[PDB]
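Trainee: To start, I am sharing the structure in question, which I have written as structure tokens.
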Protein chains: 6
Amino acid sequence: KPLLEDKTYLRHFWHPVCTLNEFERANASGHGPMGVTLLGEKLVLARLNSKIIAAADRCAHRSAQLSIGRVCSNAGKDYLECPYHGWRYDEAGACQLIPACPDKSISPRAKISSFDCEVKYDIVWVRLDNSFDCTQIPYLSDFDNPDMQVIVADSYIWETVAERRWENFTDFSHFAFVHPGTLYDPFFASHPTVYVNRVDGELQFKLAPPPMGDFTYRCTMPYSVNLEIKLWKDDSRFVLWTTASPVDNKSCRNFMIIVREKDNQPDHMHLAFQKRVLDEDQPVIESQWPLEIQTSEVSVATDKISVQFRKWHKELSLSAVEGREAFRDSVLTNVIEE
Amino acid sequence: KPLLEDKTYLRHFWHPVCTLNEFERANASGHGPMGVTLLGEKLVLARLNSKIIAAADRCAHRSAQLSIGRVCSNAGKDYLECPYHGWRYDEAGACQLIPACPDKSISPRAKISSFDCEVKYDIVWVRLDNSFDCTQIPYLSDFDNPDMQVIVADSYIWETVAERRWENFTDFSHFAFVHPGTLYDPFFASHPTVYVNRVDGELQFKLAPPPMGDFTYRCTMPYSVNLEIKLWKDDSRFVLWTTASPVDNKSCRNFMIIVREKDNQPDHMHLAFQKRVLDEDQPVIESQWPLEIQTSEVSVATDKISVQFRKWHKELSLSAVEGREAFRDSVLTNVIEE
Amino acid sequence: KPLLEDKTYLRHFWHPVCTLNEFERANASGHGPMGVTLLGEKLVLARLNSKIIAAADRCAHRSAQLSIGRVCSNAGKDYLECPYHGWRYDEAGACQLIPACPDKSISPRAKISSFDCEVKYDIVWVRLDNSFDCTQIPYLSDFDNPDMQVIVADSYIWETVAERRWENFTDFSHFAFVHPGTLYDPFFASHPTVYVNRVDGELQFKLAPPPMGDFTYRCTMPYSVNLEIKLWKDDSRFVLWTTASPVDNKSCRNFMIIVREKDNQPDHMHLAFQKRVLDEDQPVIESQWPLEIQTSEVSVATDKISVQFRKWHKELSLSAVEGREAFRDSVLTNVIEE
Amino acid sequence: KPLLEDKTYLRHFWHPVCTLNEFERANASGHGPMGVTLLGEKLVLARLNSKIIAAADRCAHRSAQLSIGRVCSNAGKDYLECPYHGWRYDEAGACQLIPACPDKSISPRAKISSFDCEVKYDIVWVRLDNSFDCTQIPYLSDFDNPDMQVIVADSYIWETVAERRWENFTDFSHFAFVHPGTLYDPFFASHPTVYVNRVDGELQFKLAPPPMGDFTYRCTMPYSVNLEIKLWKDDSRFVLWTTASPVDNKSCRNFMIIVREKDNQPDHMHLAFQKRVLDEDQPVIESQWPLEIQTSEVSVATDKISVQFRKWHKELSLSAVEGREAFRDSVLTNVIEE
Amino acid sequence: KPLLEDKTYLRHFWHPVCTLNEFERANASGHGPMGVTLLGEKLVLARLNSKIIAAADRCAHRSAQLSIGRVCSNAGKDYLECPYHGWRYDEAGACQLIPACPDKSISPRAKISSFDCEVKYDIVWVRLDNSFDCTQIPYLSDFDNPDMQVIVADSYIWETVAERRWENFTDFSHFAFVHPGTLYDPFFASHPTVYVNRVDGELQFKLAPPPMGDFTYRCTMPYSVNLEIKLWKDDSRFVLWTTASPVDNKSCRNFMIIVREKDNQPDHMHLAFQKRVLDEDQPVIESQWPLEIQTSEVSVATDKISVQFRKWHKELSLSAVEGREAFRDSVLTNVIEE
Amino acid sequence: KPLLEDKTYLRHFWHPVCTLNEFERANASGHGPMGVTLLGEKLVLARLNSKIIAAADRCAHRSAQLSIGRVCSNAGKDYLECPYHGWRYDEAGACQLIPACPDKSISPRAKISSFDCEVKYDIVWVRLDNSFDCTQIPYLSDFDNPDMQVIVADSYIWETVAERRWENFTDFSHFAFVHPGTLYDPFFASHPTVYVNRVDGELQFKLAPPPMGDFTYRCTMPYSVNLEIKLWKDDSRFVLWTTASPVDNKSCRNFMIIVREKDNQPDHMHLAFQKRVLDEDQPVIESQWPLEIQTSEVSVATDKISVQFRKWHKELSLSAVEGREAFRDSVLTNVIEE
Ligand code: FES
Ligand code: FES
Ligand code: FES
Ligand code: FES
Ligand code: FES
């Protein structure tokens with residue numbers, strides 16, 4: 001009974017797999033190799049010649065995990081060396097040395113899948129499928145704004161799927177029950193008028209109450225949220241950002257970024273407050289079952305954001321099965337409520 | 001190769017899900033909500049307006065577990081409140097308040113399955129399916145006999161199916177091997193004459209040896225045993241009762257009740273002795289594999305009780321698939337050996 | 001995508017299930033019963049009348065595990081007694097006493113499968129299927145050579161399949177990467193000429209470098225290796241032997257034997273060195289995925305041994321499905337490279 | 001720097017060592033033997049001929065712990081049997097059988113200290129020293145009041161000394177900081193007029209605010225509190241009682257009893273609420289150091305109860321060192337504030 | 001048999017108690033309060049009005065730990081609030097509010113010891129005793145050098161005393177045995193000429209071999225090391241700094257800082273390499289017993305640094321017992337070898 | 001209140017510190033070094049030039065534990081190398097190389113205590129003090145008897161002192177209570193006539209009942225027992241031997257040897273039976289308190305062996321304090337009962 005039966009669409013989006021700090025801590029070299037799991041796939045990350053690559057975590061020779069091998073160099077070029085019989089892979093996933101027969105000549109069969117991989121906002125992003133060429137790395141505002149300061153949090157795992165995490169983050173009606181002593185609900189028992197737009201691959205909506213502020217959401221699909229809070233009294237802004245990464249069928253790894261105006265307060269005060277909130281949501285959201293969004297779930301008027309999110313996920317899931325042009329239309333066609 | 005392929009029949013019987021004490025200890029309120037699993041189904045128990053209800057542990061809105069919510073009251077009526085967005089359910093499983101849009105009007109889709117649920121012998125019983133209206137809560141003797149005193153034991157889990165637990169409880173031929181230093185076998189190497197009757201939904205049989213006593217069994221199907229021990233010298237009686245609850249495909253939760261004549265002895269002496277016996281049976285019974293009763297198992301003459309138990313289970317399993325009248329006939333038709 | 005889809009062939013070979021010491025330590029009696037798992041089957045070992053038998057670990061009466069029962073004797077004959085209702089089994093798996101009705105007469109249905117089982121080199125070997133009568137217990141050299149001394153190591157589990165363990169043991173090209181500070185590679189970047197023969201159920205090959213020695217392999221199929229190391233300077237020999245037992249679809253239990261010329265050195269020095277090597281291989285080999293050999297794996301010239309191993313495994317797997325004569329031909333037909 | 005340097009006085013009071021239920025659960029017999037520690041002394045409890053005795057947990061023969069032996073009977077008399085060589089002790093601590101030389105005659109040296117021991121309010125009380133004959137078992141009200149119902153809680157350990165636990169229980173000024181979301185402070189920033197009397201071995205005081213109620217304390221020395229709460233609106237009463245047992249120099253074992261008017265509410269609701277309060281106090285009180293009351297601690301006006309408690313403890317500590325008449329005067333002399 | 005019997009001298013030096021990051025992570029507020037132990041004393045750290053204070057972790061009222069209370073504010077001034085009855089302390093350790101009697105007037109007895117406390121190099125330093133006014137916060141070079149970048153490592157505990165940690169850090173003769181595969185020894189079997197000076201409270205010495213570099217040590221007493229490594233080929237410098245904090249009689253908490261020229265390498269590569277070295281030293285140094293430096297230890301010529309360190313520690317230990325002028329002379333008198 | 005206040009005497013006896021197998025397993029080399037504790041002293045064992053030495057586990061340079069260093073060789077001579085700065089010790093405890101200044105000349109201060117150490121019965125024995133030259137390695141019979149076979153068990157720790165272990169091993173009156181279902185008592189309620197002799201450093205006594213056998217004890221002081229069991233029917237003998245090693249003030253390490261006539265039974269059957277007995281004694285003996293033998297313990301007639309054991313221990317303890325001749329007289333003077 002799940003809404004989103006086919007997951008092929010998710011392969012065409014950029015997903016975060018770890019923070020840059022997490023990547024550099026994964027191996028004593030500071031350059032990997034490191035193992036991550038994305039959409040059920042086991043990937044290896046390694047920094048070769050100052051660029052982080054993402055490849056299949058599976059040597060073509062005898063299937064050892066490259067993520068427990070080592071980054072090594074020859075003639076000023078870096079390679080990912082297998083831990084087992086030492087085959088070396090370059091940034092494109094081509095095996096450039098078989099040490100057992102080094103003269104050579106290396107079969108084209110000796111090659112692993114190499115994937116789109118870029119560092120942005122001090123997070124490592126991977127896109128498994130290039131074919132449809134219409135997705136970009138999720139939007140975050142003010143990372144480079146010199147009036148503000150950034151916290152890139154360590155990532156955290158929830159035992160639910162990424163859709164449940166996104167719908168939790170964009171919902172206010174649960175504050176009275178999940179967050180009663182922690183978060184004030186500025187809309188309780190209200191039905192604010194909220195227009196939901198699709199603009200350039202993003203869900204965009206704005207919430208205003210009837211200290212008070214506005215809530216402006218830019219949400220790169222399928223799993224990101226950029227929440228701009230603008231205070232009414234004064235023009236001070238606060239950005240809370242999260243993206244859920246679809247690790248596998250039962251978990252997601254979540255990346256939080258806090259952007260705030262410079263203040264001489266300890267960063268840990270802001271991180272610990274968000275952790276306190278996260279720890280209130282976590283057991284409620286992990287109790288939701290089945291994990292996958294189900295068609296039988298009952299939506300009411302205040303679930304407009306969630307309904308629009310589910311609608312676009314379903315359409316994207318179907319469009320990707322249809323082919324390149326269907327998908328690109330679904331991603332790129334703007335839809336302004338009116 | 002299992003004897004009892006279809007489990008639909010089990011839904012029509014009353015099964016114990018927890019003791020009353022267990023239910024009251026599950027939540028600081030003393031009124032739940034509490035989670036239990038019955039026949040693979042996740043249920044929530046809560047005490048609303050002095051009655052314990054059993055419902056599906058799954059909110060209709062976004063599938064959160066109601067069993068981690070709270071019992072709350074409005075205008076003197078109790079409700080089961082979801083932990084996530086606060087929908088309130090009444091004793092019938094109808095949602096009576098959506099706090100996001102409270103004026104209202106609540107869709108009929110906003111409703112969870114509510115099940116038969118009654119407290120008897122300080123145990124909580126649930127029946128998942130009403131349709132065939134021919135089963136009752138298992139028989140226990142002397143709970144209200146003012147000459148005797150009762151112990152309702154905490155329940156315990158065995159990693160086997162409920163049929164294996166029942167056949168273990170009604171068998172004497174294993175005493176010499178499982179219980180040699182603990183229980184005397186009054187029938188060893190004997191073949192006592194035992195008549196097995198079906199009477200009003202119960203297996204009934206009596207065992208007599210050739211301090212000594214008689215063993216009178218009334219066994220409400222599918223998983224209860226009421227064992228009356230009447231001593232020969234004197235007319236003193238002792239009741240040992242158990243029911244196995246079919247939690248899921250690999251475990252059962254077992255409920256023991258001891259009824260004895262008042263004696264000024266500590267209850268713990270009787271409980272600890274039964275635990276000692278249980279701990280001798282447990283690893284032998286949990287070693288039985290496959291867990292499910294298999295058709296290839298070899299029965300001999302002394303397995304008459306077990307064979308009659310398996311026969312009636314198989315007939316009940318088939319009758320329930322056939323329909324209401326077939327099932328009611330199988331449950332209700334008495335069969336006296338002769 | 002696995003190379004070896006059908007596993008029926010493995011049933012026709014002798015596999016080690018435990019060392020003799022392991023068997024004697026499994027039960028306070030020193031005679032079992034003991035539980036082992038072979039090819040996914042649960043077996044019971046017990047020593048009855050001075051011979052270790054192997055049978056199905058499943059009583060025919062009510063399916064209790066015989067491996068938690070006891071070896072008992074009646075009239076000078078030993079029996080395997082079930083822990084539950086005491087049925088006694090003889091060395092052939094026939095039930096010889098039902099204590100509930102002992103006079104008697106025991107049904108032929110009351111019988112468990114009994115398997116080939118022999119102790120050799122202080123290891124317990126089992127063969128599940130007799131039908132094709134063409135396999136023998138793997139070859140080990142010098143167990144009885146009075147100039148040498150033997151270590152039969154405790155067995156160890158790796159979380160991989162037995163083929164991966166065998167290919168690891170017969171490969172030198174991984175030394176530079178897995179064993180750099182522990183084992184010298186006598187062939188690095190060389191392509192020694194290696195002839196691989198099939199002789200009397202064994203893969204046989206010899207490796208010579210261009211202290212130095214020769215490496216002479218006799219490898220009883222499907223999973224044994226007898227490695228004779230003969231030093232060039234002097235004629236001193238050292239035997240390293242291993243057999244991988246196919247426990248189940250995700251693990252193998254490995255048996256090592258070291259045979260060396262008598263030396264007044266502590267055996268633990270030799271065992272600990274081999275453990276150090278094993279601990280270097282273990283995480284690399286356990287990283288290989290999928291566990292099962294896959295057809296897509298890329299073999300190069302230096303994998304000749306592994307390729308010949310995979311070839312004969314595939315042929316054996318197909319021959320066994322074809323029937324007795326096909327299998328016997330595959331096992332017994334010698335093939336000398338030329 | 002501790003206030004109460006000498007602890008001899010504590011030996012002359014009755015202290016609770018376990019609940020009756022705890023005693024009956026300690027051994028499968030329901031009659032002990034059981035081990036407890038009181039004032040650093042290791043004691044054995046056993047029920048012999050329907051009376052629980054307390055003795056030194058140390059056999060006179062070779063110093064084995066009697067608390068791991070067994071209660072046994074001979075000629076209708078119960079004995080405490082040593083686990084080692086079987087010496088039997090009667091209720092007075094006299095050895096009545098040496099099984100190695102049973103004819104006999106038992107030395108008077110073969111004898112263990114036996115102590116005052118009585119069950120009251122379903123709690124086991126022990127008094128180590130009889131000599132001064134002026135102390136009684138602490139006061140609890142309404143245990144036998146048929147309009148009310150009693151909960152005797154399982155005991156709990158805090159890692160502090162018993163004086164700290166008592167002063168915590170009789171203090172309201174910590175509610176705003178330790179219990180802000182749990183307990184309302186009816187006296188915050190007030191200085192109610194409180195008269196503290198010494199009456200018949202008890203500290204007695206009453207607190208009234210300026211639902212509301214009165215707080216009437218009768219506090220048997222050295223470590224008990226009986227708190228009667230009488231509501232203003234209506235005459236309904238609620239009794240909260242606790243006694244701290246001085247286990248050793250770093251811990252106390254605490255006994256709580258709740259007495260309330262009959263109400264058809266689950267007992268667990270009242271127990272769980274008190275546990276919630278206890279869990280707020282526990283880490284704050286366990287942080288107090290040094291554990292022992294120190295002379296340098298700074299008392300203010302609102303510590304009147306604590307100051308009077310410390311005064312009488314110090315006087316009792318000195319009186320006991322002085323002798324029988326000094327102690328009896330300190331215990332028994334009433335002192336009414338005026 | 002210990003060299004340094006009297007520890008009073010250590011109270012007069014600045015010791016690091018935690019990194020700034022560690023302090024800010026200790027409490028969700030980012031401002032403490034936090035608990036640390038220095039020279040056996042329990043201290044509380046809290047940030048009040050933008051300055052971190054250090055005080056005795058013991059409320060004057062009833063001895064609760066202030067480190068589990070909270071930083072609170074009144075009328076724009078911050079206070080350290082006790083968790084128990086809410087007494088508030090200012091930066092000088094004076095109690096400024098007793099909430100039970102707030103009008104007021106607070107006794108001078110209501111006061112806790114307040115200690116010297118300053119943040120330098122992103123580390124929190126405490127000096128317990130001011131009296132002799134001749135010590136300063138240890139020397140570290142290049143923290144503010146804009147051509148270089150700094151790593152302030154998390155602190156780590158070793159189960160040894162701080163003298164053993166210092167002597168380990170300033171010694172090269174152990175490299176061949178503790179660090180054979182990790183650190184090259186530039187002086188092995190050499191006796192370089194090393195002059196050891198006392199200059200302004202520092203041990204100063206320089207080591208030169210006969211890539212290569214010079215080793216210039218400035219070592220603020222009693223437990224700091226600033227190691228400047230200047231490469232011969234090129235003038236590039238690398239600073240490795242450590243200070244051992246005397247936590248108690250059996251452990252020290254160690255603070256490492258790495259200063260290096262900017263390089264676009266990941267900081268984790270440098271941290272992980274130092275951890276690898278630390279993990280080689282740790283079990284050897286923790287094996288040294290007795291922990292305290294003993295007079296019987298045998299020094300050879302290559303222990304010149306250690307001998308001079310022990311000499312000055314012994315003299316400082318004696319001078320502090322003698323009085324202010326003796327100590328100030330020992331700390332401040334320069335001694336140039338010649 | 002302990003009987004044996006002074007422990008100096010124990011230093012003059014040979015004590016077992018580990019089995020030979022235990023020593024060879026302690027380090028991958030098979031030659032140590034290994035750490036043991038004897039009479040509170042930390043010792044290092046290492047095999048140098050085919051002989052195991054015992055020395056103080058404390059390097060003279062900077063007090064590192066030699067037991068975590070390594071056995072190394074130079075010019076065909078073995079040395080114990082310190083893990084810290086590499087000082088090498090020979091079999092006499094003299095430092096023969098300081099690698100920092102190797103030319104040399106090594107101070108006589110650079111030397112560790114070296115102790116008597118010999119392997120006998122595949123056990124490592126150490127004697128800390130030579131001075132009185134009158135003790136030998138405990139007696140065990142039949143180790144070299146070619147009609148019998150030996151089991152040298154792994155050693156085991158009990159949390160009691162060695163005297164309690166010895167008295168437990170030589171006592172039959174506890175069988176009925178500690179071993180009721182495991183060991184038959186051949187003397188229950190009997191007072192067999194037992195003569196206790198002191199012969200050549202041994203307690204010697206023989207016990208005969210009124211399958212049956214004689215029990216002949218030769219007990220080398222202070223802690224060994226050689227029990228010869230000779231069956232009446234037939235002349236078959238069975239030797240059970242144990243020695244308790246005084247590890248420290250709260251524990252002993254116990255060495256068991258079983259010698260039996262050759263029988264084709266598994267050794268594990270005999271070991272497991274003795275472990276079953278040991279596990280019955282262990283919690284009773286560990287309950288004995290105070291651990292040290294106390295003067296107040298009450299001995300009866302059947303404790304004759306224990307009383308004679310305590311007498312000779314007390315005399316030995318006093319004699320050793322008196323001097324060489326007193327001790328030698330106490331050890332060597334035979335005393336035949338008559
Ligand atoms: S598995 Fe990677 S080189 Fe062989
Ligand atoms: S999931 Fe229950 S109210 Fe939303
Ligand atoms: S120690 Fe109690 S009978 Fe011997
Ligand atoms: S202990 Fe700190 S306010 Fe009372
Ligand atoms: S401590 Fe042993 S060589 Fe320095």
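Following the order of the structure tokens, chains are lettered A, B, ..., residues in each are numbered from 1, and ligands are numbered from 1.
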May I ask you to extract the residues of chain A within 6 Å of chain E, using only C-alpha atoms, and to give them as a list in words?

Mentor: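 The answer, sorted by residue number, is residues 25, 28, 29, 30, 266, 268, 269 and 272 of chain A.
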
Trainee: Go ahead and dump the residues you just picked, N, CA and C atoms, as an mmCIF file, in the first residue's frame.

Mentor:
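Result file part_12.cif:
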```cif
data_model
loop_
_atom_site.group_PDB
_atom_site.id
_atom_site.type_symbol
_atom_site.label_atom_id
_atom_site.label_comp_id
_atom_site.auth_asym_id
_atom_site.auth_seq_id
_atom_site.Cartn_x
_atom_site.Cartn_y
_atom_site.Cartn_z
ATOM 1 N N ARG A 25 37.637 13.045 8.693
ATOM 2 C CA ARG A 25 37.835 12.223 9.894
ATOM 3 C C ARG A 25 37.733 10.718 9.650
ATOM 4 N N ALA A 28 42.778 8.247 8.616
ATOM 5 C CA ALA A 28 43.902 9.011 9.155
ATOM 6 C C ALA A 28 44.558 9.911 8.114
ATOM 7 N N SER A 29 44.437 9.594 6.823
ATOM 8 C CA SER A 29 45.062 10.456 5.818
ATOM 9 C C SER A 29 44.380 11.815 5.693
ATOM 10 N N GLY A 30 43.120 11.926 6.105
ATOM 11 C CA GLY A 30 42.366 13.129 5.801
ATOM 12 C C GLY A 30 41.808 13.186 4.397
ATOM 13 N N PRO A 266 28.217 31.207 21.998
ATOM 14 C CA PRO A 266 28.817 29.917 21.634
ATOM 15 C C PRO A 266 27.930 29.161 20.650
ATOM 16 N N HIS A 268 27.700 26.078 20.404
ATOM 17 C CA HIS A 268 27.100 24.901 21.017
ATOM 18 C C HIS A 268 25.713 25.196 21.580
ATOM 19 N N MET A 269 25.459 26.434 22.011
ATOM 20 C CA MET A 269 24.122 26.775 22.502
ATOM 21 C C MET A 269 23.058 26.579 21.425
ATOM 22 N N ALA A 272 22.929 22.644 20.610
ATOM 23 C CA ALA A 272 22.261 21.876 21.650
ATOM 24 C C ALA A 272 20.767 22.146 21.662
#
```

Trainee: Going by DSSP on the backbone, which residues of range 146-338 of chain A come out as helix (DSSP H, G or I)? List them as a PyMOL selection string.

Mentor: chain A and resi 162-169+175-178+267-286+301-322+324-332

Trainee: Each residue of chain B lying at most 9 Å from ligand 2 should get a row with its shortest atom-to-atom pair and the distance in Å to one decimal, counting only C-alpha atoms and all ligand atoms; could you produce that, ordered by chain and increasing number, as CSV?

Mentor:
```
residue,atom,partner,partner_atom_place_in_ligand_line,distance
B:58,CA,ligand 2,2 (Fe),7.8
B:59,CA,ligand 2,2 (Fe),4.5
B:60,CA,ligand 2,2 (Fe),6.4
B:61,CA,ligand 2,4 (Fe),4.6
B:62,CA,ligand 2,1 (S),3.6
B:63,CA,ligand 2,1 (S),4.9
B:64,CA,ligand 2,1 (S),4.5
B:65,CA,ligand 2,2 (Fe),7.6
B:66,CA,ligand 2,2 (Fe),7.2
B:81,CA,ligand 2,3 (S),7.9
B:82,CA,ligand 2,2 (Fe),4.6
B:83,CA,ligand 2,2 (Fe),6.4
B:84,CA,ligand 2,4 (Fe),4.9
B:85,CA,ligand 2,3 (S),3.6
B:86,CA,ligand 2,3 (S),4.6
B:87,CA,ligand 2,3 (S),4.4
B:88,CA,ligand 2,3 (S),7.8
B:98,CA,ligand 2,3 (S),7.5
B:99,CA,ligand 2,3 (S),8.6
```

Trainee: Just want the 8 Å neighbourhood of range 142-158 of chain C, counted on only C-alpha atoms, with same-chain residues fewer than 6 positions away dropped. Output as a list in words.

Mentor: residues 18, 19, 22, 121, 122, 239, 251, 252, 253, 254, 255, 256, 257, 258, 259, 260, 261, 262, 267, 271, 282 and 286 of chain C

Trainee: Identify all residues of range 45-172 of chain D in strand (DSSP E) (DSSP on the backbone) and supply them as a ChimeraX atom specification.

Mentor: /D:45-48,51-56,70-74,77-81,88-89,95-97,114-120,123-127,148-152,156-158

Trainee: Skipping near chain neighbours, those fewer than 3 positions away, what residues fall within 8 Å of range 166-180 of chain B using only C-alpha atoms, listed as a list in words?

Mentor: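 My list of contacting residues is residues 162, 163, 183, 184, 185, 187, 188, 223, 224, 225, 243, 244, 277, 280, 281, 284, 285, 302, 305 and 306 of chain B; 83, 84, 85, 86 and 100 of chain C.
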
Trainee: Of the residues E:37, E:67, E:294, E:73, which is the one nearest to ligand 4, using only C-alpha atoms and all ligand atoms?

Mentor: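 Of all the options, E:67 lies closest to ligand 4.
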
Trainee: Need to verify the contact set: residue 234 in chain B, 12 Å, only C-alpha atoms, exclusion of same-chain residues closer than 6 positions in sequence. Can you return it as a PDB file with N, CA and C atoms, in the first residue's frame?

Mentor:
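part04.pdb, written as the output of this step:
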```pdb
ATOM      1  N   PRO B 211       2.275 -36.997  47.175  1.00  0.00           N
ATOM      2  CA  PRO B 211       0.899 -37.456  47.414  1.00  0.00           C
ATOM      3  C   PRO B 211       0.087 -37.559  46.119  1.00  0.00           C
ATOM      4  N   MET B 212      -0.776 -38.562  46.023  1.00  0.00           N
ATOM      5  CA  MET B 212      -1.439 -38.871  44.765  1.00  0.00           C
ATOM      6  C   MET B 212      -2.726 -38.060  44.591  1.00  0.00           C
ATOM      7  N   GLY B 213      -3.103 -37.854  43.328  1.00  0.00           N
ATOM      8  CA  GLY B 213      -4.267 -37.044  43.025  1.00  0.00           C
ATOM      9  C   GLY B 213      -4.777 -37.288  41.623  1.00  0.00           C
ATOM     10  N   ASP B 214      -5.922 -36.681  41.332  1.00  0.00           N
ATOM     11  CA  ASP B 214      -6.484 -36.687  39.989  1.00  0.00           C
ATOM     12  C   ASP B 214      -6.162 -35.375  39.291  1.00  0.00           C
TER      13      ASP B 214
END
```

Trainee: Quick check, in Å to one decimal: how far apart do CA of residue 209 in chain B and CA of residue 301 in chain B lie?

Mentor: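 For CA of residue 209 in chain B relative to CA of residue 301 in chain B, the distance reads 16.9 Å.
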
Trainee: So how far away is CA of residue 195 in chain B from CA of residue 218 in chain B, in Å?

Mentor: 12.5 Å
